[PDB]
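Inspection log for the structure reproduced underneath, given as structure tokens.
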Protein chains: 2
Amino acid sequence: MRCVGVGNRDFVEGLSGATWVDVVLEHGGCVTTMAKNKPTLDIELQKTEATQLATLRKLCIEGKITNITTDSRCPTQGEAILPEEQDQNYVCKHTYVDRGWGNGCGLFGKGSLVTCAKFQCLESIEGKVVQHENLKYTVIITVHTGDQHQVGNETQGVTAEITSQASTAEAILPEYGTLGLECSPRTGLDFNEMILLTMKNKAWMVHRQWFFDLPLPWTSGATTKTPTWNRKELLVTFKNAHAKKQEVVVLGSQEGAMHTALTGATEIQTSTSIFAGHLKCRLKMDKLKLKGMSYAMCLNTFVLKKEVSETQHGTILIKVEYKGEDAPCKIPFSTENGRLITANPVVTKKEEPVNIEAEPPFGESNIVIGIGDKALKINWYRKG
Amino acid sequence: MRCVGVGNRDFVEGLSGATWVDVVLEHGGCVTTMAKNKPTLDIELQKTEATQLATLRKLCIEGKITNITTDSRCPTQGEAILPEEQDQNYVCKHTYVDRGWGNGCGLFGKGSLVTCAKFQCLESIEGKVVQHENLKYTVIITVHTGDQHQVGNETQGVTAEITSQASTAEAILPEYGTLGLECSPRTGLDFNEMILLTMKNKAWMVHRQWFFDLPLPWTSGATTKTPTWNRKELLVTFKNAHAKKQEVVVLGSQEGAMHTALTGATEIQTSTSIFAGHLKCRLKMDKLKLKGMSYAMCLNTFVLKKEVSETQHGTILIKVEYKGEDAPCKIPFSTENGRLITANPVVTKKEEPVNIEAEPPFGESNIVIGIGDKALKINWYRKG
Ligand SMILES: *[C@@H]1O[C@H](CO)[C@@H](O)[C@H](O)[C@H]1NC(C)=O
Ligand SMILES: *[C@@H]1O[C@H](CO)[C@@H](O)[C@H](O)[C@H]1NC(C)=O
Ligand SMILES: *[C@@H]1O[C@H](CO)[C@@H](O)[C@H](O)[C@H]1NC(C)=O
Ligand SMILES: *[C@@H]1O[C@H](CO)[C@@H](O)[C@H](O)[C@H]1NC(C)=O
């Protein structure tokens with residue numbers, strides 16, 4: 001009863017006689033499966049993960065400038081040159097300035113000037129690549145056992161891992177047998193065309209070309225404590241207004257600009273990186289066995305321990321307490337179209353209440369729980 | 001000789017007989033004025049300033065979030081409400097979540113949830129308005145005196161202030177008289193349509209509508225230590241992915257985004273705010289008097305104290321030293337089309353050299369400085 005309370009909940013019933021049920025799990029959704037003489041299951045796709053990621057390119061979003069140097073020449077003395085022009089850490093620019101007697105040259109004319117600034121990246125973002133061969137899907141299965149605290153509890157449930165290599169897996173359901181999962185991980189997208197952009201805590205999924213065409217300084221994917229940046233001029237600007245001076249300034253943090261650019265992109269939790277995805281599976285229930293089919297009927301009384309309330313999908317939840325000593329026994333259930341969602345409701349201990357999910361028909365109907373005169377009669381109306 | 005060495009230099013000569021010269025000064029430019037029997041002047045527009053500015057609107061570029069509160073209700077209990085919804089410091093959002101037995105409600109259905117976050121701006125930018133009634137133009141005038149250190153020296157020169165109210169002004173030129181400035185401050189742009197955007201040290205001139213349509217939280221121009229921001233949701237986002245949770249996060253610094261948006265805008269030095277502008281003036285030289293017109297000629301020798309060099313505009317600079325005792329005297333100057341830029345070159349002291357700017361004709365010409373056999377003869381060729 002994990003999906004009881006989830007709005008995006010699907011009910012799937014297997015074909016007549018078949019012991020297999022085909023389901024489509026998607027993020028934020030829950031599917032309830034029913035089969036004749038089989039336990040009612042609540043299956044959910046918990047998370048979709050990428051296990052190991054290789055960084056393709058690394059982009060600088062905030063940088064600073066240090067160790068500025070400059071060299072100037074008088075007219076007709078040739079272009080000025082600095083060794084830092086061949087240092088890949090520095091960004092340099094050549095220009096011409098007005099030179100004459102007033103500024104220390106014998107000749108009047110245009111004199112060469114060159115400025116170099118060492119560039120250091122303060123904050124960067126990464127673009128890691130995801131290949132579907134490394135994707136891991138985690139599925140969670142919860143049996144409708146009637147357990148006391150079962151309704152909407154995300155603590156209990158058996159998890160099973162599906163990978164592109166290990167697509168079929170078996171999940172051991174305690175006291176109910178073994179479930180088969182024959183899933184086919186359909187990519188949903190071409191992963192070469194998409195790149196995982198990670199910035200600080202946050203992460204997104206963006207187009208490869210869009211990431212590569214980001215107007216930011218970039219460096220190879222290989223991590224280095226001292227990296228060599230290209231396109232450093234996309235953050236460093238040289239200004240020479242009136243041929244007197246040349247000042248170099250850095251562009252400032254592009255963090256918020258990236259946030260705006262990432263508005264229309266799919267966002268991903270953390271940077272453990274969990275995707276929002278889907279997965280199609282075939283559930284083999286041949287090895288699944290209903291726990292209390294061989295139990296006898298409960299000969300005593302049931303008492304309502306909680307008000308009957310309606311689910312968003314029209315089903316009702318009944319919490320009953322048994323007052324007899326023959327447990328474990330089968331709960332007598334009959335409607336005076338009316339069916340059960342929970343298959344084979346049973347009492348395990350007298351002290352523990354039982355939760356039953358039922359699908360009453362539209363209109364007035366009488367839910368009879370127990371047998372005989374002392375049976376519980378709950379009148380109910382289902383309005384469409 | 002302030003413009004000697006400036007590349008953007010204009011030469012203007014007054015009409016025949018007139019004692020007035022019309023000039024157009026613009027930022028980064030220098031104009032040299034000549035008139036018969038009048039001192040040669042080097043006029044320049046130093047700066048254009050706005051004296052007092054009123055802030056129209058103030059926009060937040062970086063904010064943070066504190067004191068988050070939230071309230072939730074079970075289904076059919078009505079919409080949740082917080083008092084912080086009526087606090088203008090908080091940004092709030094209403095949503096609906098899945099509620100049922102599992103999360104503490106007796107009824108299954110959609111339950112109301114409301115979240116509020118107190119917003120605080122960390123960094124802001126201002127949009128101050130400039131009206132042409134407060135503009136101040138500063139003009140600098142430098143006489144061609146022949147002074148020892150006059151070439152390109154920006155230390156010497158008389159400054160005069162022109163304002164839209166005080167358009168005509170008089171500038172006292174020591175030893176040369178009084179200059180009249182009849183300027184007409186033409187706006188160049190409609191100042192209501194333009195707003196001065198100031199961010200940290202930097203400032204720009206942008207369109208009013210563009211500034212008002214900036215997607216940032218804004219507040220009135222009046223300065224307050226505790227301001228009230230509008231459009232706070234332009235920096236604060238609420239995320240509710242699957243009807244389980246609602247997390248509130250701030251957008252981050254928009255500083256670099258603003259820098260990119262301001263790429264095509266005119267930049268202004270500091271935030272003392274100096275514009276790049278122009279000014280048209282009429283120079284009245286009726287009260288200007290040439291210092292040494294009544295001096296006698298220099299009867300002795302001149303010696304070249306520095307190599308003759310050519311200016312970017314074809315003129316030549318001659319630095320001579322006088323070796324006689326009759327100073328002050330008129331320097332004999334003759335070409336063997338050839339004219340002087342510096343009007344009435346004179347020797348003031350024997351120990352101080354004299355700088356003369358001359359315009360030699362194209363081709364071969366002989367510059368004769370001094371009189372007699374002992375006169376200085378400098379051969380020169382001007383190539384076009
Ligand atoms: C770079 O310049 C600064 C100038 O303050 C100096 O401290 C530093 O030693 C220089 N070199 C390196 C490698 O930091
Ligand atoms: C949820 O399940 C755990 C596991 O048995 C149980 O201990 C807990 O009390 C339950 N709580 C609920 C349903 O609130
Ligand atoms: C806001 O919340 C914080 C919670 O840490 C608290 O310290 C503070 O006193 C609260 N109110 C104000 C006015 O800061
Ligand atoms: C510039 O002018 C000042 C003012 O007389 C003078 O003291 C200085 O030596 C000059 N320096 C130059 C032209 O380098």
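In the structure tokens, chains take letters A, B, ... by order of appearance, with residues numbered from 1 within each chain and ligands from 1 in the order shown.
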_Any residue with an atom at most 8 Å from ligand 1 counts, using only C-alpha atoms and all ligand atoms. Which are they? Put them as a PyMOL selection string._
chain A and resi 66-68
*Fewer than 2 positions away in the same chain doesn't count, so skip those; otherwise give me all residues within 8 Å of residue 194 in chain B, counting only C-alpha atoms, as a PyMOL selection string.*
chain B and resi 129-130+190-192+196+205-208
N, CA, C and O atoms of the current selection, written as a JSON list (two decimals), in the first residue's frame:
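Below is the file that was written, again24.json:
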```
[["chain", "number", "residue", "atom", "x", "y", "z"],
["B", 129, "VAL", "N", 18.93, 59.92, -12.74],
["B", 129, "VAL", "CA", 18.49, 60.70, -13.90],
["B", 129, "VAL", "C", 19.39, 61.92, -14.06],
["B", 129, "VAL", "O", 19.82, 62.53, -13.07],
["B", 130, "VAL", "N", 19.70, 62.25, -15.31],
["B", 130, "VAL", "CA", 20.52, 63.40, -15.64],
["B", 130, "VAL", "C", 19.68, 64.35, -16.46],
["B", 130, "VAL", "O", 19.09, 63.96, -17.47],
["B", 190, "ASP", "N", 18.41, 63.50, -25.92],
["B", 190, "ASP", "CA", 17.33, 63.85, -25.02],
["B", 190, "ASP", "C", 17.58, 63.15, -23.70],
["B", 190, "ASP", "O", 17.61, 61.91, -23.64],
["B", 191, "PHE", "N", 17.77, 63.93, -22.64],
["B", 191, "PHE", "CA", 18.19, 63.37, -21.36],
["B", 191, "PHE", "C", 17.06, 62.69, -20.60],
["B", 191, "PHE", "O", 17.34, 61.86, -19.73],
["B", 192, "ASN", "N", 15.80, 63.03, -20.88],
["B", 192, "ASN", "CA", 14.70, 62.25, -20.33],
["B", 192, "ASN", "C", 14.70, 60.82, -20.88],
["B", 192, "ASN", "O", 14.32, 59.88, -20.17],
["B", 196, "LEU", "N", 21.30, 57.23, -16.27],
["B", 196, "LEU", "CA", 22.62, 56.82, -15.83],
["B", 196, "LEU", "C", 22.51, 55.60, -14.93],
["B", 196, "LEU", "O", 22.08, 55.70, -13.78],
["B", 205, "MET", "N", 25.39, 54.75, -19.65],
["B", 205, "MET", "CA", 24.23, 55.53, -20.06],
["B", 205, "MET", "C", 23.34, 54.63, -20.91],
["B", 205, "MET", "O", 23.78, 54.14, -21.95],
["B", 206, "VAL", "N", 22.11, 54.41, -20.45],
["B", 206, "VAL", "CA", 21.21, 53.46, -21.09],
["B", 206, "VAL", "C", 19.85, 54.11, -21.32],
["B", 206, "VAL", "O", 19.57, 55.20, -20.82],
["B", 207, "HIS", "N", 19.00, 53.42, -22.07],
["B", 207, "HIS", "CA", 17.66, 53.92, -22.33],
["B", 207, "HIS", "C", 16.77, 53.78, -21.10],
["B", 207, "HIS", "O", 16.86, 52.80, -20.36],
["B", 208, "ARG", "N", 15.89, 54.76, -20.90],
["B", 208, "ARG", "CA", 14.99, 54.76, -19.76],
["B", 208, "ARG", "C", 14.13, 53.50, -19.76],
["B", 208, "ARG", "O", 14.07, 52.78, -18.75]]
```
*Could you give me, as an MDAnalysis selection string, each residue of range 80-150 of chain B that DSSP assigns to helix (DSSP H, G or I) when run on this structure's backbone?*
chainID B and resid 83:86 101:103 132:134
*Can you tell me which residues sit at most 6 Å away from ligand 4, counting only C-alpha atoms and all ligand atoms, written as a ChimeraX atom specification?*
/A:102 /B:149-150,153,155-156
_Interface, chain B side, toward chain A (6 Å; only C-alpha atoms) as an NGL selection string_ = :B and (5 or 28 or 100 or 102 or 107-109 or 151-153 or 242 or 252-254 or 256-257 or 309 or 311-312)
Same residues, C-alpha atoms, output as a compact mmCIF listing (two decimals), in the first residue's frame:
```txt
# COMPACT_ATOMS: atom_id res chain seq x y z
CA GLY B 5 51.55 65.05 -29.87
CA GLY B 28 39.59 63.10 -26.87
CA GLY B 100 -3.64 10.86 3.18
CA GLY B 102 0.46 8.15 5.46
CA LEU B 107 -8.97 12.12 4.25
CA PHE B 108 -7.19 11.32 0.99
CA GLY B 109 -6.91 14.22 -1.41
CA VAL B 151 55.31 70.56 -25.45
CA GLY B 152 52.54 68.13 -24.53
CA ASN B 153 52.57 69.18 -20.87
CA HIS B 242 5.83 15.80 -7.68
CA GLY B 252 22.11 34.24 -7.72
CA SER B 253 24.16 37.26 -8.71
CA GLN B 254 23.12 39.00 -11.94
CA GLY B 256 27.89 39.45 -15.04
CA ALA B 257 24.53 39.24 -16.79
CA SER B 309 61.09 66.24 -35.39
CA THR B 311 54.37 66.01 -35.93
CA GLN B 312 51.68 63.60 -37.15
```
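Closest approach to ligand 2 from the set B:145, B:46, B:55, B:104 is made by B:104, with distances taken over only C-alpha atoms and all ligand atoms.
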*Neighbours of residue 35 in chain B within 12 Å (only C-alpha atoms; same-chain residues fewer than 5 positions away dropped), as number ranges by chain?*
B: 11-22, 40-41, 283-286, 288-290, 340-344
Write the selection just made, keeping N, CA and C atoms, as a CSV table (one decimal), in the first residue's frame?
```csv
chain,number,residue,atom,x,y,z
B,11,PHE,N,43.3,72.1,-36.7
B,11,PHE,CA,43.8,73.5,-36.9
B,11,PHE,C,42.7,74.3,-37.5
B,12,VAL,N,42.4,75.4,-36.8
B,12,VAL,CA,41.4,76.3,-37.2
B,12,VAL,C,42.0,77.7,-37.2
B,13,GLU,N,41.8,78.5,-38.3
B,13,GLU,CA,42.3,79.8,-38.5
B,13,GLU,C,41.1,80.7,-38.7
B,14,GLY,N,41.1,81.9,-38.0
B,14,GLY,CA,40.0,82.8,-38.1
B,14,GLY,C,40.0,83.5,-39.5
B,15,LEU,N,38.8,84.0,-39.8
B,15,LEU,CA,38.5,84.7,-41.1
B,15,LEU,C,39.4,85.9,-41.1
B,16,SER,N,39.6,86.4,-42.4
B,16,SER,CA,40.4,87.6,-42.6
B,16,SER,C,39.9,88.8,-41.8
B,17,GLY,N,40.7,89.3,-40.9
B,17,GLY,CA,40.3,90.5,-40.1
B,17,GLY,C,39.6,90.2,-38.8
B,18,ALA,N,38.8,89.1,-38.8
B,18,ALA,CA,38.0,88.8,-37.6
B,18,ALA,C,38.9,88.5,-36.4
B,19,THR,N,38.4,88.9,-35.2
B,19,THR,CA,39.1,88.6,-34.0
B,19,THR,C,38.4,87.5,-33.2
B,20,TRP,N,37.4,86.8,-33.9
B,20,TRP,CA,36.7,85.7,-33.3
B,20,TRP,C,37.0,84.4,-34.1
B,21,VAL,N,37.0,83.3,-33.4
B,21,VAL,CA,37.2,82.0,-34.1
B,21,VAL,C,36.2,81.0,-33.5
B,22,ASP,N,35.5,80.3,-34.4
B,22,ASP,CA,34.5,79.3,-34.0
B,22,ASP,C,35.2,78.0,-34.0
B,40,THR,N,48.6,82.0,-30.5
B,40,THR,CA,48.2,80.7,-30.9
B,40,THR,C,47.7,79.9,-29.7
B,41,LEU,N,46.4,79.4,-29.8
B,41,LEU,CA,45.9,78.7,-28.6
B,41,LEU,C,45.6,77.2,-28.9
B,283,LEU,N,35.2,81.9,-29.8
B,283,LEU,CA,36.3,82.5,-29.1
B,283,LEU,C,36.5,83.9,-29.5
B,284,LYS,N,36.3,84.8,-28.5
B,284,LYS,CA,36.5,86.2,-28.8
B,284,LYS,C,37.9,86.6,-28.3
B,285,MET,N,38.7,87.0,-29.2
B,285,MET,CA,40.1,87.4,-28.9
B,285,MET,C,40.4,88.8,-29.0
B,286,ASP,N,39.3,89.7,-28.9
B,286,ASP,CA,39.5,91.1,-29.0
B,286,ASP,C,40.4,91.6,-27.8
B,288,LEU,N,42.6,89.7,-26.3
B,288,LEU,CA,43.8,89.0,-26.3
B,288,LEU,C,44.9,89.9,-27.0
B,289,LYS,N,46.1,89.9,-26.4
B,289,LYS,CA,47.2,90.7,-26.8
B,289,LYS,C,48.5,89.8,-26.9
B,290,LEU,N,49.2,90.0,-28.0
B,290,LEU,CA,50.4,89.2,-28.2
B,290,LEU,C,51.6,89.8,-27.3
B,340,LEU,N,54.3,79.9,-39.7
B,340,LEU,CA,54.5,79.5,-38.3
B,340,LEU,C,53.1,79.1,-37.7
B,341,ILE,N,53.1,78.0,-36.9
B,341,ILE,CA,52.0,77.7,-36.1
B,341,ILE,C,52.0,78.6,-34.8
B,342,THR,N,53.2,78.6,-34.2
B,342,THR,CA,53.4,79.5,-33.0
B,342,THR,C,53.5,80.9,-33.5
B,343,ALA,N,52.7,81.8,-32.9
B,343,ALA,CA,52.7,83.2,-33.3
B,343,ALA,C,53.6,84.0,-32.4
B,344,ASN,N,54.5,84.8,-33.1
B,344,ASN,CA,55.4,85.7,-32.4
B,344,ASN,C,56.3,84.9,-31.4
```
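Contacts with ligand 3 are defined as any residue atom within 12 Å of a ligand atom, using only C-alpha atoms and all ligand atoms; the residues meeting this criterion are residues 65, 66, 67, 68, 69, 89, 90, 117, 118, 119 and 120 of chain B.
For the choices A:92, A:39, A:142, A:314, the atom-to-atom distance to ligand 2 is smallest for A:142 when using only C-alpha atoms and all ligand atoms.
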*Determine which residues of range 30-184 of chain A DSSP labels as strand (DSSP E) from the backbone of this structure, then write them out as an MDAnalysis selection string.*
chainID A and resid 30:34 41:50 54:72 90:99 109:129 135:143 158:163 168:173 177:184
*asked:* Would you pick out the contacts of residue 366 in chain A at 10 Å or less, using only C-alpha atoms, so that residues sharing its chain but fewer than 5 positions from it are not included, and give the list as an MDAnalysis selection string?
replied: chainID A and resid 334:336 338 360:361 376:381
*One decimal, Å: what's the distance from CA of residue 168 in chain B over to CA of residue 188 in chain B, could you say?*
19.1 Å
*For residue 233 in chain B, please output as JSON, numbers by chain all residues within 8 Å (counting only C-alpha atoms; exclusion window: fewer than 4 positions along the same chain).*
{"B": [91, 217, 237]}
Put those residues in a file: C-alpha atoms, as a PDB file, in the first residue's frame.
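Result written to selection_25.pdb:
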```pdb
ATOM      1  CA  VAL B  91       7.594  36.187  -1.082  1.00  0.00           C
ATOM      2  CA  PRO B 217      13.360  43.389  -8.269  1.00  0.00           C
ATOM      3  CA  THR B 237      11.854  30.512  -7.329  1.00  0.00           C
TER       4      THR B 237
END
```
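Here CA of residue 373 in chain A stands at a distance of 12.8 Å from CA of residue 332 in chain A.
Shell of residue 9 in chain B at 7 Å, with only C-alpha atoms counted and residues fewer than 4 places along the chain excluded, is residues 3, 29, 30 and 31 of chain B.
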_Neighbouring residues of range 220-225 of chain B were defined as those with any atom within 8 Å, considering only C-alpha atoms; residues of the same chain fewer than 4 positions away were excluded. Please report them as JSON, numbers by chain._
{"B": [54, 55, 56, 57, 58]}
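With CA of residue 70 in chain B on one side and CA of residue 82 in chain B on the other, the separation reads 7.6 Å.
Using only C-alpha atoms and all ligand atoms, the shortest contact distance between ligand 2 and any of A:364, A:359, A:213, A:147 is found at A:147.
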